[PDB]
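Down below is the structure, laid out as structure tokens.
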Amino acid sequence: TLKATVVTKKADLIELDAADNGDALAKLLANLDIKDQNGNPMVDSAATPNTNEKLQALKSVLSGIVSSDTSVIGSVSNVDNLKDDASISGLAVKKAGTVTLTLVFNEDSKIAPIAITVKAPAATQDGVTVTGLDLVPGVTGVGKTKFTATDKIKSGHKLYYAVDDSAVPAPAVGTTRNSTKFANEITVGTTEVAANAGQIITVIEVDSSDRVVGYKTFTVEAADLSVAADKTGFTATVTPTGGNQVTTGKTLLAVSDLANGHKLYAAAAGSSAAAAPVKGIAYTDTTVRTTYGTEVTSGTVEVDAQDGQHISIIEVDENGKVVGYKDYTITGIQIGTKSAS
Ligand SMILES: [Ca+2]
Ligand SMILES: [Os+3]
Ligand SMILES: [Os+3]
């Protein structure tokens, strides 16, 4: 009954945010003024909740919307794709960037084309709610890095990472998470990444509705990556001991001065050394506790030994964490000879 007669833009530019939910139509509408035959404003009245007057008014006079870059915001050729079912859509944001959306009207309306520049910003560091997000060496394996933070995330928000040789481009704020690109959810102080030094860990923060709000990149340095347990963390001196004092085919692992609350655990004698656990792993870890199943802390423990075989020993601290590692090749001299059992 009322026909849209006058359409004018307010500003030449509109910039999107997270609240815009990665779709420009709501902000494009807010940037347009529509007047009818009477010169009266054409406004979405809340008394008619499931029919938007303003959008419908625009759609009745609009022949299309051209984008300057179809990869940033897709061009609208069929006008009925603009809708207000549940929410206002869709000048859908595909990628972060800046476009000139040019609105073309029908011949009847006689309204000349209106160009509105739309900026869809990339997600940034100040959009990240977790303060002090940083990389530390891993404790689950060797060559691993771990996420740490000082303060918690905002309630409802989540973190996701990507690991690559190059930084993954910052997505537009408000766009729904790229499942493919950012597939690895971060539990802070728990989750670990296998990475090489020099690689980039690209982290995005999403909201409750899986939409990109934050973005931070870390360059993985050798300092941020985990290494095997060293002789550096090994304080005790262990002397394999044989002769007539020790049982035949067994070596006495005589222990000298470990630090007050330290413990020592030996792996069973085998043809080559046992795998050195990552510095910081709990002894209670299944592979660690099964490989290094014999506690040799007392200095009085004697274990099975053959000539060529290796005995690897780990030094665990007061807390229950692996600190030191050293591998011992056994000799016939340090294998026992005393009467059996
Ligand atoms: Ca309405
Ligand atoms: Os939120
Ligand atoms: Os200690």
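Here the Cβ positions follow ideal geometry from the backbone for every residue, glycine too, while neighbour counts run over all protein chains shown. The values are calculated or read from the model by the stated rules, or taken from the named source; no laboratory instrument gave them.
Which of the residues belonging to the range 322-341 are surrounded by 17 or more Cβ atoms within 10 Å (Cβ to Cβ) and under 43 Å from the mean Cα position of the chain (by Cα)?
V322, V323, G324, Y325, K326, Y328, listed by residue number.
Report every pair of residues separated by at least 6 positions or lying on different chains whose Cβ atoms are under 6 Å apart, first residue within the range 46-61 and away from ligand 2 (no atom under 16 Å from the Cβ), second in a loop (DSSP other than H, G, I, E, B) and charged (D, E, K, R).
Pairs found: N52/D44; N52/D84; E53/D44; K54/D44; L55/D84.
Output the number of residues of the range 217-236 satisfying the condition of being away from ligand 3 (no atom under 16 Å from the Cβ) and loosely packed, with under 13 Cβ neighbours inside 10 Å.
The qualifying residues number 4.
Write out, first by first residue and then by second, each pair whose Cβ atoms fall under 7 Å of each other, whose residues are 6+ apart or on separate chains, and whose first residue, in the range 241-265, is over 15 Å from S312 (Cα atoms) and assigned to a strand (DSSP E or B) while the second is of a type in the set (A, V, I, L, M, F, W, C) and within 16 Å of ligand 3 (Cβ to nearest atom).
Within 7 Å, the pairs are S256/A236.
Picking from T180, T232, which residue would you name as being assigned to a loop (DSSP other than H, G, I, E, B) and within 30 Å of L258 (Cβ to Cβ)?
Going through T180, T232 in turn, just one is assigned to a loop (DSSP other than H, G, I, E, B) and within 30 Å of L258 (Cβ to Cβ): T232.
Assuming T191 fulfils every condition listed in (1) under 37 Å from the mean Cα position of the chain (by Cα); (2) within 16 Å of ligand 3 (Cβ to nearest atom); (3) polar (S, T, N, Q) apart from one, which condition is it?
Tallying (1) under 37 Å from the mean Cα position of the chain (by Cα); (2) within 16 Å of ligand 3 (Cβ to nearest atom); (3) polar (S, T, N, Q), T191 fails exactly one: (2).
Among residues belonging to the range 289-341 that are of a type in the set (D, E) and assigned to a strand (DSSP E or B), point out the one that is nearest to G261 (Cα to Cα).
So, considering only residues that are of a type in the set (D, E) and assigned to a strand (DSSP E or B), the one nearest to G261 (Cα to Cα) is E315.
Here is a list of conditions, (1) crowded, with 19+ Cβ neighbours inside 10 Å; (2) more than 16 Å from ligand 2 (Cβ to nearest atom), and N21 meets all of them except one; can you say which number that is?
(2)
Report, by residue number, each residue of the range 277-313 that is within 14 Å of ligand 3 (Cβ to nearest atom) and of a type in the set (V, I, T).
Correct list: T297 only.
Output the residues belonging to the range 112-123 that are loosely packed, with under 15 Cβ neighbours inside 10 Å and touching a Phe, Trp or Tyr at 6+ places or on another chain (Cβ under 6 Å).
Selection gives nothing.
Taking strands (runs of 3 or more DSSP E) that do not extend beyond the range 1-54, which have at least 3 residues that are β-branched (V, I, T) and either farther than 30 Å from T124 by Cβ or within 16 Å of ligand 3 (Cβ to nearest atom) (or both)?
Answer list for the range 1-54: 6-9.
State whether one or more residues within the range 274-283 are farther than 20 Å from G336 by Cβ and either outside the structural domain of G324 (by TED's automatic domain parsing) or surrounded by fewer than 18 Cβ atoms within 10 Å (Cβ to Cβ) (or both).
Yes; the residues of the range 274-283 include at least one that is farther than 20 Å from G336 by Cβ and either outside the structural domain of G324 (by TED's automatic domain parsing) or surrounded by fewer than 18 Cβ atoms within 10 Å (Cβ to Cβ) (or both).
Every residue in the range 44-69 that is surrounded by 20 or more Cβ atoms within 10 Å (Cβ to Cβ) and near ligand 1 (Cβ under 7 Å from one of its atoms), please.
Listed by number, the list holds a single entry, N52.
For the range 150-175, what are the residues that are away from ligand 2 (no atom under 16 Å from the Cβ), crowded, with 17+ Cβ neighbours inside 10 Å, touching a residue at least 40 places away in the same chain (Cβ under 8 Å) and not in a strand (DSSP E or B)?
Within the range 150-175, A170, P171 qualify.
Confirm whether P137 is touching a strand residue (DSSP E or B) at 6+ places or on another chain (Cβ under 9 Å) and surrounded by fewer than 19 Cβ atoms within 10 Å (Cβ to Cβ).
no
Is one or more of the residues making up the range 77-89 assigned to a strand (DSSP E or B) and outside the structural domain of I201 (by TED's automatic domain parsing)?
yes
Looking at (1) within 16 Å of ligand 3 (Cβ to nearest atom); (2) surrounded by 13 or more Cβ atoms within 10 Å (Cβ to Cβ); (3) of a type in the set (G, A, S), which is the one condition that is false for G261?
Answer for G261: the failing condition is (2).
Has the range 199-216 got any residue that is farther than 30 Å from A26 by Cα, surrounded by fewer than 16 Cβ atoms within 10 Å (Cβ to Cβ) and not polar (S, T, N, Q)?
no
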